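Engineer: these are from a larger complex, still in place; more later:
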Amino acid sequence: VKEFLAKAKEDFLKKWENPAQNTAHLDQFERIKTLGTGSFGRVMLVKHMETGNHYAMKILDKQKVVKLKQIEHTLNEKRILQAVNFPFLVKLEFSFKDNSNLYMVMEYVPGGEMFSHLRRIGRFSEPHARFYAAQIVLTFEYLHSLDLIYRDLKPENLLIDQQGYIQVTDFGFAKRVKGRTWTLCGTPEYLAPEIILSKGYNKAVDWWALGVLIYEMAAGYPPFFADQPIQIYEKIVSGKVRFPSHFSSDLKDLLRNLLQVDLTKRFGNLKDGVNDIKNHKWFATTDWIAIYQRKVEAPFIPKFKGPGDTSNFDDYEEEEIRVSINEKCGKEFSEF
């Protein structure tokens, strides 16, 4: 672990200091379908005509990125993904840009969103939720050791691969930070108290979101919901939480420390750090090296009817890709 991290830190640092640029072009990829959308971009299944491989390509509208003030964030995302590497992290295979857009081509995860499976099934069993939480735990230990805070953990951003393992996606808010950070960002339901109270925060927000994930995974619904953020924010900064009746005691307990407003008392953010999590009762049956080695029995295996299948993704209105004859935001994205 400490031997693993060190080494891993060195590869990331190498790539982090000399990030790669313009390694592909649009015309080399064949457009096949939209599997996700956003406020400033969409995600599409794509096939690389030279290798005949299927990739996930994320197209970002540079003008939409500016209007929403996400230039730095976008520059952060690409810089971190071309340099990180982990069994549970989607892979940034290529990156480039054109007059109108920024592009990030990655490994395609055909299993679909945990969100979907979670919604359809209602809720996961603790052994099932525990299996994915472990993957998020190690991933956060990885990233964190490299001074990266993830900041956008949520079913919607978690993907199930073929072997049934999770793959974290979306690094729009990821950021290399040694020391306090202040940017207000994430998704309401998963916002730590420090964030909503505009007080500067650290990696500890990734552990609070972890506890949110787990609960939602074991209960079927979020520990703090309402039909409008403010009302959700009050629940969050309230210091109160209610657990379902089936939630085991170890589970209620683990969630109690994870969902701790007192960030000087919140698991993960303590002296023994992550170990207060990994060594916690609810995790007593978990073989961490096993998980890392992808040798543990997946609770559920999504079905693939063939290479480039997409039944596990919803249908989105398709919109043609447009590339103006003029560069739109040159200097802002020069380093992309």
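Structural biologist: Perfect, thanks for sending it. Numbering: from 1, shown residues only, chains lettered A, B, ... in the order given.
Engineer: Tell me which residues touch residue A:166, please.
Structural biologist: By C-beta atoms under 8 Å, 6 or more residues apart in numbering, residue A:166 lies in contact with A:88, A:114, A:132, A:135-136, A:158-160. Yep, even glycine has a C-beta here, placed from its N, CA and C like the rest.
Engineer: which one of those sits closest to residue A:324?
Structural biologist: residue A:159 (31.8 Å; C-beta to C-beta).
Engineer: Need the contact partners of stretch A:219-238.
Structural biologist: With C-beta under 8 Å, 6+ apart, stretch A:219-238 has contacts from A:118, A:122-123, A:188-189, A:191-193, A:196-197, A:212, A:215-216, A:241-244, A:247, A:255, A:259, A:261.
Engineer: so how far is it from its chain's centroid?
Structural biologist: 21 Å (C-alpha atoms, centre = their mean, to the nearest Å).
Engineer: Buried residues of it, list them for me.
Structural biologist: A:219, A:222-224, A:232-233, A:235-237 (16 or more other C-beta atoms under 10 Å).
Engineer: From those residues, which land in helices?
Structural biologist: Those of these mapping onto helices are A:219, A:232-233, A:235-236, per DSSP state H.
Engineer: Now the two most distant members of those residues.
Structural biologist: Taking C-beta to C-beta as the measure, these reach their widest spread between A:219 and A:233, a distance of 19.9 Å.
Engineer: throw chain B onto that model:
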Amino acid sequence: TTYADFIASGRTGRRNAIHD
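Structural biologist: To build on what is shown above, here is chain B added in:
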């Protein structure tokens, strides 16, 4: 039931992030 109040709310779909 909470599960019901949940399912009856306008928050069971994909929840977008707040850039600002």
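Engineer: let's see the buried residues of stretch A:219-238 again after adding chain B.
Structural biologist: For stretch A:219-238, the neighbour count (16 or more other C-beta atoms under 10 Å in any protein chain shown) marks A:219-226, A:229, A:232-233, A:235-237 as buried.
Engineer: For chain B, give me its nearest residue in the stretch 201-336 of chain A.
Structural biologist: Of all residues in the stretch 201-336 of chain A, the one sitting closest to chain B is residue A:221 (3.8 Å; C-beta to the nearest C-beta).
Engineer: Tell me how many other residues surround residue A:210.
Structural biologist: 25 (other C-beta atoms under 10 Å in any protein chain shown).
Engineer: check contacts around it.
Structural biologist: Residues near residue A:210 by C-beta atoms under 8 Å, 6 or more residues apart in numbering or on different chains: A:133, A:136-137, A:140, A:153, A:258, A:268, A:277.
Engineer: Could you rerun that using 7 Å?
Structural biologist: Contacts for residue A:210 were tallied using C-beta atoms under 7 Å, 6 or more residues apart in numbering or on different chains; they are A:133, A:136-137, A:140, A:153, A:258.
Engineer: circling back to that earlier point, state the phi and psi torsions of the residue of the stretch 201-336 of chain A closest to chain B.
Structural biologist: The phi/psi pair for residue A:221 (degrees, to the nearest 10) reads phi -140, psi 160.
Engineer: could I get the contacts of residue A:210 as TSV with neighbour count?
Structural biologist: TSV is the format used below for the contacts of residue A:210 (neighbours: other C-beta atoms under 10 Å in any protein chain shown):
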residue	neighbour count
A:133	25
A:136	22
A:137	24
A:140	24
A:153	25
A:258	24
